[PDB]
Amino acid sequence: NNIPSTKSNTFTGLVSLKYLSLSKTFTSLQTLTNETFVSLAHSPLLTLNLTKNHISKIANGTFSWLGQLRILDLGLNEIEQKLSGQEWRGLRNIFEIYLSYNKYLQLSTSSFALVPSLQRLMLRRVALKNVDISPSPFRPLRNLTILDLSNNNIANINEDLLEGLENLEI
RNA sequence: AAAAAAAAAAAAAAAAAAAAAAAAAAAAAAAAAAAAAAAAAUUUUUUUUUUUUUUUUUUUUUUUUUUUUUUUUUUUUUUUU
Ligand SMILES: *[C@@H]1O[C@H](CO)[C@@H](O[C@@H]2O[C@H](CO)[C@@H](O[C@@H]3O[C@H](CO)[C@@H](O)[C@H](O)[C@@H]3O)[C@H](O)[C@H]2NC(C)=O)[C@H](O)[C@H]1NC(C)=O
Ligand SMILES: *[C@@H]1O[C@H](CO)[C@@H](O[C@@H]2O[C@H](CO)[C@@H](O[C@@H]3O[C@H](CO)[C@@H](O)[C@H](O)[C@@H]3O)[C@H](O)[C@H]2NC(C)=O)[C@H](O)[C@H]1NC(C)=O
Ligand SMILES: *[C@@H]1O[C@H](CO)[C@@H](O[C@@H]2O[C@H](CO)[C@@H](O[C@@H]3O[C@H](CO)[C@@H](O)[C@H](O)[C@@H]3O)[C@H](O)[C@H]2NC(C)=O)[C@H](O)[C@H]1NC(C)=O
Ligand SMILES: *[C@@H]1O[C@H](CO)[C@@H](O[C@@H]2O[C@H](CO)[C@@H](O)[C@H](O)[C@H]2NC(C)=O)[C@H](O)[C@H]1NC(C)=O
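Numbers 389 to 558, taken from the working numbering, label the letters of the first sequence in order.
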């Protein structure tokens with residue numbers, strides 16, 4: 389679809405919505421703030437698709453109202469930002485992360501400490517850099533089961549990386 | 001009482017020529033020093049500009065194989081309008 393962007397009360401009234409797909413829907417969503425998904429405050433969403441939406445920047449607390457959100461898809465986008473952890477603020481019980489197929493995703497020591505209840509995490513084709521800092525960004529995470537960092541040209545990995553990820557299987 | 005010649009002692013003052021010394025200043029010659037400086041012969045750091053080797057990401061191009069559709073020119077054959 390070709391909707392420019394959402395409004396304050398676009399999705400207001402959906403008190404039972406749990407499956408939402410917005411793939412290749414928004415063309416004027418270059419920058420994401422915390423006033424986009426405000427309409428879904430009362431929606432117990434479980435799946436969220438946002439691929440091919442030309443997402444390039446998200447603000448702190450954008451998904452704060454998505455407390456019950458478990459599945460999110462931000463792949464196939466043009467994200468150009470520095471991860472700090474506050475981008476995933478408000479995710480009380482999140483299941484997995486879809487941020488593959490990007491061009492720049494810089495990781496920090498606290499980029500993922502806010503949400504430690506993940507299950508899967510793949511960063512395929514994101515060109516991530518500077519993951520040599522200690523402690524590792526994945527240290528707080530405990531229930532990761534699938535971890536993919538392929539097609540990103542990892543410069544270096546140290547001993548502190550992949551520490552304590554006992555639950556990992558793939 | 002006083003004045004003078006030969007012979008002998010002389011005490012003081014003003015000058016000088018020498019010897020033995022001693023402080024003071026000024027000249028040099030050697031042993032050191034503290035330095036603000038100067039190079040030269042051995043180690044190496046940081047930064048800028050660039051060379052070579054090696055491992056990989058993105059994009060583009062060539063070829064081969066497989067496969068889905070828009071068009072088809074053929075129809076060996078089958079009942080026919
Ligand atoms: C959505 O994103 C905007 C943009 O970052 C957030 O606005 C920012 O909010 C912080 C926190 O309040 C502000 O920092 C501090 O604000 C207080 C006033 O509350 C002020 O006294 C401090 O000096 C400091 O500035 C920040 O200025 C503000 N920035 C902008 C551009 O608005 C907003 O809070 C976010 N909302 C949610 C729900 O996440
Ligand atoms: C948002 O919607 C899109 C479109 O429906 C979903 O894309 C689909 O994603 C799945 C899983 O990534 C794809 O399945 C896999 O496809 C690859 C080829 O890309 C194949 O090699 C695998 O064996 C597997 O079949 C699926 O093809 C793909 N469909 C389309 C039309 O792109 C996307 O998953 C949705 N995001 C969600 C649900 O979070
Ligand atoms: C969204 O949240 C992140 C994480 O809280 C914010 O990043 C944080 O920004 C502050 C203010 O710049 C940083 O504090 C200072 O950082 C400098 C280094 O940039 C450091 O030298 C100072 O001593 C001080 O700590 C904080 O470190 C930084 N945190 C992280 C994890 O990056 C970001 O500003 C927020 N953005 C918005 C729009 O609200
Ligand atoms: C990490 O995974 C474990 C195992 O799935 C989680 O423990 C479960 O937590 C739920 C909800 O709190 C309980 O209903 C289950 O009974 C727990 N299972 C076990 C075997 O203990 C744990 O909560 C996860 N960690 C985080 C931070 O979410």
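All C-beta atoms in this analysis are idealised placements derived from N, C-alpha and C, irrespective of residue type, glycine included.
Closest Cα partner of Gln474 within the set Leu457, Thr450, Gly401 = Measuring from the Cα of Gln474, the nearest candidate turns out to be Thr450.
Given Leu511, which residues of its chain have a CB within under 7 Å of its CB, disregarding the five upstream and five downstream residues?
-> Contacts found: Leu487, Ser488, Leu493, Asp536, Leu537, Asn540.
Which runs of the beta strand (DSSP E) fall wholly inside the stretch 435–475 and span at least 3 residues, in chain order?
-> Note on the stretch 435–475: whole beta strand (DSSP E) runs with a minimum of 3 residues are 435–437, 459–461, 468–470, in chain order.
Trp453 versus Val403: straight-line alpha-carbon distance, rounded | Taking the straight line joining both Cα atoms gives about 13 Å.
So is the beta-carbon of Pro528 under 6 Å away from any non-hydrogen atom of ligand 4?
-> Checking every heavy atom of ligand 4 against the Cβ of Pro528, none is found closer than 6 Å.
Give a single yes or no on whether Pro504 has its beta carbon closer than 6 Å to a heavy atom of ligand 4.
-> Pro504 Cβ: within cutoff of ligand 4.
Sort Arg480, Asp548, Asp461, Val503 by Cα distance to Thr435 and report the nearest one.
-> Residue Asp461 is the option with its Cα nearest to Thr435.
Taking C-beta to C-beta, are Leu529 and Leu516 nearer than 7 Å?
-> Against a cut-off of 7 Å, the Cβ pair of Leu516 and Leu529 comes out as no contact.
What residue ranges within the stretch 477–515 form continuous beta strand (DSSP E) runs of no fewer than 3 residues, ordered along the chain?
-> The qualifying runs are 484–486, 492–494, 508–510.
Nearest-angstrom Cα distance between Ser499 and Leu471?
-> So the two alpha carbons sit approximately 5 Å from each other.
Can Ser524 and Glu551 be called in contact, C-beta distance under 7 Å?
-> A contact, by the Cβ cut-off of 7 Å.
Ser409, enclosing beta strand (DSSP E) - first and last residue = That run of the beta strand (DSSP E) goes 407–409.
Within 5 Å of ligand 2: residues by beta-carbon to any heavy atom | Qualifying residues come out as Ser411, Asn437, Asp461.
Residue(s) in a DSSP beta bridge with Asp536 | According to DSSP, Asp536 shares a beta bridge with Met510.
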